[PDB]
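Spelled out from the first residue to the last, the chains are:
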Amino acid sequence: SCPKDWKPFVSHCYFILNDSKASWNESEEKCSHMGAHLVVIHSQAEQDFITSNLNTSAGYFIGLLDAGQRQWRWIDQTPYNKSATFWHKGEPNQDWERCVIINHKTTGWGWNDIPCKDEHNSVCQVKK
Ligand SMILES: CO[C@H]1O[C@H](CO[C@H]2O[C@H](CO)[C@@H](O)[C@H](O)[C@@H]2O[C@@H]2O[C@H](CO)[C@@H](O)[C@H](O)[C@H]2NC(C)=O)[C@@H](O[C@@H]2O[C@H](CO)[C@@H](O)[C@H](O)[C@H]2NC(C)=O)[C@H](O[C@H]2O[C@H](CO)[C@@H](O)[C@H](O)[C@@H]2O[C@@H]2O[C@H](CO)[C@@H](O)[C@H](O)[C@H]2NC(C)=O)[C@@H]1O
Ligand SMILES: [Ca+2]
């Protein structure tokens, strides 16, 4: 019950934007054109579902932003739950890196703060 090329997970459909790279704002615009938004992750189940679908050579924007002074906020305004975050060791690390990607390292998948202007792949999400 998800559209062609989207992957279902419980109440949502997920799209892995692999065909091109874009800035955070451009990525959110692409998701928006499909009636979706950059992914908002509320559990390890969701995190692990998403990473199972990703290329280890690529980085993927998610819908998490530093609103100021390391105040992480989801783009759909749902609460940032400190009990379900997946930062890489040593991340987040830099004030001018206000956007977040999922990327892969020797220690596995995780989140890293990066500059919003840096072009990456992304994951879109929409309710079924
Ligand atoms: C060694 O890692 C640290 O430095 C990286 C920058 O390295 C350049 O600058 C240093 C001097 O400061 C120099 O010693 C290096 O040789 C290198 O020089 C540059 O080389 C390139 C050719 O590759 C050349 O074109 C440049 O002219 C030349 N510049 C200079 C000044 O000599 C840094 O990596 C950078 O990260 C930023 C985002 O902050 C990104 O825009 C840059 O593209 C990227 N540059 C390179 C070369 O990779 C490292 O920062 C990483 O890793 C940190 C953890 O150690 C993370 O916290 C950071 O968030 C950042 O993560 C990366 O973010 C990009 C986002 O675009 C993402 O694609 C990657 O997957 C991700 N990597 C990881 C490991 O998460 C770090 O400070
Ligand atoms: Ca970082």
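Conventions used here
- Note on numbering: residues are counted from 1 along each chain in the order of its written sequence, which can differ from the entry, and residues with no coordinates are hidden.
- Throughout, the order in which chains and ligands are written sets their labels, letters from A for the former and numbers from 1 for the latter.
- Calculated side-chain values reflect all of the structure's heavy atoms, with hydrogen atoms and water omitted.
- UniProt positions are given in the numbering used here, feature names are shortened, and annotations may be inferred rather than shown by experiment.
- Secondary structure is summarised from DSSP: a helix means a run of H or I of at least four residues, a strand means a run of E of at least two, and numbering begins at the N terminus for each.
- The quantity called the radius of gyration is restricted to C-alpha atoms. Its globule counterpart is 2.2 Å times the number of residues to the power 0.38.
- Each residue is assigned to one of three classes by its accessible area relative to the maximum for its type, calculated with a 1.4 Å probe on protein chains only: buried under 20%, partly exposed between the two thresholds, exposed over 50%.
- Computed with a 1.4 Å probe, the accessible areas rest on the Shrake-Rupley method; for each residue, only the protein chains presented here act as cover.
- Neither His nor the chain ends is counted toward charge; the positive residues are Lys and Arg and the negative residues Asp and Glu.
- To locate a charge, take NZ of a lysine, CZ of an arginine, CG of an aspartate or CD of a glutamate.

Determination of this PDB entry was carried out by X-ray crystallography to a resolution of 1.50 Å, according to the record.

If you look the protein chain up in the PDB entry, it shows as C-type lectin domain family 4, member a4 from Mus musculus. As recorded in the PDB, the entry bears the title "Crystal structure of C-type lectin domain of murine dendritic cell inhibitory receptor 2 in complex with N-glycan". Database annotation for the protein chain, UniProt heading Subcellular location (unreviewed entry): "Cell membrane".

Assigned secondary structure in the protein chain consists of two helices and eight strands. Starting at the N terminus, the α and β elements of the protein chain follow one another as β-β-α-β-α-β-β-β-β-β. Its C-alpha atoms give the protein chain a radius of gyration of 13 Å, near enough to 14 Å, the size a compact globule of 128 residues would have. Taken along the three principal axes of its C-alpha coordinates, the protein chain extends 40 × 30 × 25 Å. The buried share of the protein chain, taken over its 128 residues, is 46%. On the protein chain, roughly 7100 Å² of surface is accessible, and the fraction owed to carbon and sulfur atoms is 47%. The centroid of the 13 positive side-chain charges in the protein chain is displaced by 4 Å from the centroid of its 15 negative side-chain charges.

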